[PDB]
**Student:** 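Pasting in a structure now, in structure tokens, and then I'll have a few things to ask.
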Amino acid sequence: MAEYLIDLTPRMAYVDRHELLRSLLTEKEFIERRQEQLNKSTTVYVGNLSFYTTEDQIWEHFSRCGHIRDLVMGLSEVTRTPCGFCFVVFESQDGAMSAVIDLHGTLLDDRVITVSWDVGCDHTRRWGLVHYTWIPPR
Amino acid sequence: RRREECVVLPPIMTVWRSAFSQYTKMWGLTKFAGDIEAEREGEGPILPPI
Amino acid sequence: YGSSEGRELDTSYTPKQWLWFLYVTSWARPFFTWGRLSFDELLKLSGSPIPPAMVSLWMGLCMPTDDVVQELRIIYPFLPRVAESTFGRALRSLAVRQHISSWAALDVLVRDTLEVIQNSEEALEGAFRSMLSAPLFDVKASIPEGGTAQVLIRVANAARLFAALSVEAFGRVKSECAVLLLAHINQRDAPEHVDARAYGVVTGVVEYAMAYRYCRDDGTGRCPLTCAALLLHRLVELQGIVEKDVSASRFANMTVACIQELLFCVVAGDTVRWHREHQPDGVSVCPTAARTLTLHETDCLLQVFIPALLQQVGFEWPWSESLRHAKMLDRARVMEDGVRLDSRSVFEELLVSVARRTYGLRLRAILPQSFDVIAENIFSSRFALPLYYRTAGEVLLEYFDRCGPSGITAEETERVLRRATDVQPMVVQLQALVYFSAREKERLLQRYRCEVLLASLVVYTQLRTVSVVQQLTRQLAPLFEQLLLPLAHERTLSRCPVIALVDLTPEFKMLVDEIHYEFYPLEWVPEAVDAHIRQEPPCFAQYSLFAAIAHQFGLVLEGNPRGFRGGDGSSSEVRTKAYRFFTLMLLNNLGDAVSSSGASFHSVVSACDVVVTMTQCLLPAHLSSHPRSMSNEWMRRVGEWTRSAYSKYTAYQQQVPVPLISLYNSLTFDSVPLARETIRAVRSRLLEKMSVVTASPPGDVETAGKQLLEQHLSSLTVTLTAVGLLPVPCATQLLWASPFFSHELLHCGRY
Ligand SMILES: CN1CN([C@@H]2O[C@H](COP(=O)(O)O)[C@@H](O)[C@H]2O)c2nc(N)[nH]c(=O)c21
């Protein structure tokens with residue numbers, strides 16, 4: 001299957017101001033341009049993770065889908081502590097496909113998570129108690 | 001503000017607690033005597049489901 | 001449709017797009033109580049097991065009036081991301097052929113699928129056995145259902161083939177596989193048939209997961225057991241939504257009873273038929289195990305499957321009851337590869353696997369007071385410089401603290417590393433200095449520098465955050481590759497440090513005693529043992545940076561005094577550290593990307609390195625801990641240990657188709673589950689990286705990566721034979737004799 005539910009195609013519903021700031025139409029520009037990026041994306045937004053959930057807990061859950069190339073934790077800018085979400089960049093899109101399918105709405109740390117498809121992370125996106133004092137504030 | 005105080009378990013869990021209760025009720029499963037003796041609020045606290 | 005921001009509904013399909021729709025759906029038809037009817041309409045004739053909200057677009061599609069599909073059947077494509085069985089592919093092919101000719105059905109598809117395999121209900125049982133084979137012996141027995149129940153046996157025997165085929169075909173999409181399993185279960189044939197269907201589905205999913213993880217190589221990096229656990233949880237959740245319109249609680253009860261039956265069979269070591277002897281009324285289906293559990297299946301359940309399920313259910317289980325009845329099963333009294341483990345061991349393994357997904361407070365709150373001994377056993381935990389590399393690694397730590405992993409650079413790290421080592425007295429002695437070739441001296445000094453670098457890395461990171469560990473390994477990967485360039489697959493000393501009344505080589509003695517150079521025991525202890533056996537270069541002899549660092553940090557893993565029946569004989573601190581090390585520093589760095597944000601990997605960690613690090617960690621603590629002159633004391637220790645082990649081996653040999661529990665065991669791999677997990681995951685990671693590299697556009701760097709990965713695979717098989725896992729005793733036969741793990745690797749079909 002996955003040949004029958006085409007929802008397997010990576011689609012990201014919301015729109016964001018950096019995409020808004022780029023002067024493109026929300027049709028055939030930001031939405032169409034992102035599809036080529038998302039159609040090759042290996043990255044997922046996790047969502048609803050607790051503030052006290054550690055990277056080991058997120059790794060332990062998402063590593064059963066595939067190798068995690070990079071795991072970026074959301075961080076409140078003022079305190080550099082996890083702010084509720086995360087970004088799990090896998091090695092292959094098979095892992096990201098498994099994470100969105102299998103791990104969406106799945107209990108991670110006594111919190112039901114909202115694994116979705118993202119285009120790719122950047123230090124800017126990582127922002128929005130383990131004090132990540134090693135990450136340069138920005 | 002303990003980490004367990006901020007744990008609210010999913011509404012599906014009432015099915016699993018009921019399933020555990022039903023599994024123990026038949027096949028003759030009995031808790032440990034000391035565990036049963038935890039009638040002074042010494043038994044395992046259970047997280048609240050919504 | 002694909003590559004689109006909006007989903008388009010189904011349209012008229014060409015006969016190509018039909019063969020595929022049929023290949024991935026036609027098999028499911030014979031399993032329900034007419035051709036030309038769409039799956040939603042065919043389910044209406046089965047009592048509409050699934051509500052309209054859960055039905056999918058594909059179930060809406062009706063059959064076309066094409067006679068081209070009739071003639072193009074006279075080889076079908078391959079489903080993505082799964083290792084399809086020869087029976088499953090044959091069954092789906094004959095399903096399409098017999099659905100076209102459709103334009104007793106199940107019994108003829110299974111009989112006709114079997115003939116295809118074995119040319120050029122026992123049938124519905126041999127079908128499941130053929131599905132789970134590279135023959136599989138069924139873990140859970142269907143014949144134990146009651147009196148006058150040939151119909152119920154067939155209903156479950158078909159739910160097992162249906163669940164197997166449904167995870168083989170619908171598995172990547174969990175929601176769709178769960179809706180197809182609910183549809184099969186919730187047929188309205190009879191209320192007593194629902195329990196049999198649920199039992200068949202749960203047992204089939206579990207057995208398929210465990211057989212897939214043993215003999216199926218698909219190179220996807222997705223754990224079959226976690227997927228099975230999430231699928232069974234999704235089944236329960238989806239039966240909950242059907243119920244809010246038999247019961248979600250009942251399916252959950254079979255899932256638990258099937259897990260508890262497996263646990264009790266592991267603890268009892270024999271088919272005690274615990275639920276059969278505890279039946280409430282007899283009419284109810286009670287899961288029984290048809291045989292004991294192989295070590296691989298026990299590792300699957302206690303390390304992946306049950307911990308994942310428990311995480312899904314908030315770590316809540318019938319904990320006190322299970323521990324009590326497992327303890328009763330302990331005081332009791334077969335299959336060659338079957339295993340018995342004590343309750344303490346079983347629940348210790350289960351809770352250490354579970355504790356990685358949570359924290360100590362949650363397990364403390366959940367677990368009753370009867371688990372206090374278990375909790376204390378599963379809960380100095382930090383990595384500390386081993387007083388070797390201490391004064392050299394302090395400078396590196398001061399640099400790392402000052403800059404941080406974000407600011408750490410390879411060249412500045414190299415400068416600080418040389419500035420710190422060269423000062424140290426041992427480096428001055430080695431540099432200044434019966435004969436030492438310049439090649440040996442640069443080898444011994446580069447080895448010390450790399451060991452200092454890795455020890456400083458492990459101490460600074462504490463191996464607690466995978467992001468920091470991965471970023472630091474990525475930054476320092478050129479430095480590590482440059483430092484291990486001279487070392488490579490070569491022994492640090494020119495000649496073996498054991499000669500001949502067997503003694504150590506004079507330059508080796510000089511290094512250990514006068515210069516205070518520390519060689520990890522795996523470099524010389526096996527050769528010493530083999531000399532001592534003779535009295536009455538090896539792959540592990542070749543240098544491994546991670547073996548040295550593991551020995552320095554005291555990562556000693558061993559078995560239990562109770563024998564094989566235990567296994568978790570190791571301190572909690574050392575076991576937690578060896579997980580955080582054999583999983584972050586080795587497994588997650590094997591074939592890992594050169595940069596953050598695939599197919600471009602740095603060779604800091606090799607497969608042979610992981611295997612030899614496990615073997616070093618599994619050396620006896622008597623032979624691994626340094627004494628308190630030192631060299632001869634160590635050698636005498638080795639000699640007396642070898643005499644004792646030879647006596648034990650000869651006793652076992654005269655004590656003896658033959659059960660593996662009755663053969664000589666070193667309690668190294670058959671005892672520690674971290675060893676087996678790491679050894680399997682090495683090959684799994686290599687195959688996954690192979691798939692990613694091949695998927696990348698063809699070129700030259702991809703070709704180099706592919707050759708590197710096949711070299712890693714070949715080196716992995718050779719290093720395992722070096723240990724004895726793939727075969728008067730030999731030193732490897734006395735240090736790492738692991739008949740259960742050896743039997744698994746010799747019959748897994750992956751080496
Ligand atoms: C809700 N979000 C938030 N989010 C990302 O999270 C980052 C931080 O969002 P907040 O500032 O709301 O925490 C943003 O840069 C945004 O791209 C998301 N990214 C993806 N792909 N999908 C989603 O549903 C969401």
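For ligands, and for the atoms within them, numbers begin at 1 and follow the listed sequence. Numbers restart at 1 for each chain; the letters A, B, ... are given by sequence-line order, proteins then strands.
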**Student:** Give the C-alpha distance, both sets of side-chain angles, the deciding distance and a yes or no for ring pair (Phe, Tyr, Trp, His ring centres under 6.0 Å) between C:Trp58 and C:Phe170.
**Tutor:** CA-CA 12 Å; C:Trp58 73 255; C:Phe170 281 59; 5.4 Å; yes
**Student:** Which atom names give the shortest non-hydrogen contact between C:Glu688 and A:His67, and what distance separates them?
**Tutor:** OE2-N, 2.9 Å
**Student:** Kindly confirm or rule out a cation-pi arrangement of C:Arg362 over C:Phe315, judged by NZ or CZ under 6.0 Å from the six-membered ring centre and within 45° of its axis?
**Tutor:**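 Here C:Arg362 fails the 6.0 Å and 45° test against C:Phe315.
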**Student:** How far apart are the C-alpha atoms of C:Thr576 and C:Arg356, what are their side-chain angles, what is the distance that settles it, and do they pass the side-chain hydrogen bond (donor to acceptor under 3.5 Å, both in side chains) test?
**Tutor:** CA-CA 9 Å; C:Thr576 293; C:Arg356 305 181 197 122; over 6 Å; no
**Student:** Which protein residues come within less than 4.0 angstrom of ligand 1, counting heavy atoms only?
**Tutor:**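 Within 4.0 Å of ligand 1, protein side: A:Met12, A:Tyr14, A:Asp16, A:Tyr45, A:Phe85, A:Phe87, A:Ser116, A:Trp117, A:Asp118, A:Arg125, A:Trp127, A:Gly128.
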**Student:** Decide whether a cation-pi geometry holds between A:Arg22 and A:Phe30; the criteria are a distance under 6.0 Å from NZ or CZ to the six-membered ring centre and an angle within 45° of the ring axis.
**Tutor:** no
**Student:** Step by step, work out the side chain to side chain contact (heavy atoms under 4.5 Å, CB included) result for B:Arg17 and C:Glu316.
**Tutor:** CA-CA 8 Å; B:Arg17 298 233 187 76; C:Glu316 300 182 0; 2.6 Å; yes
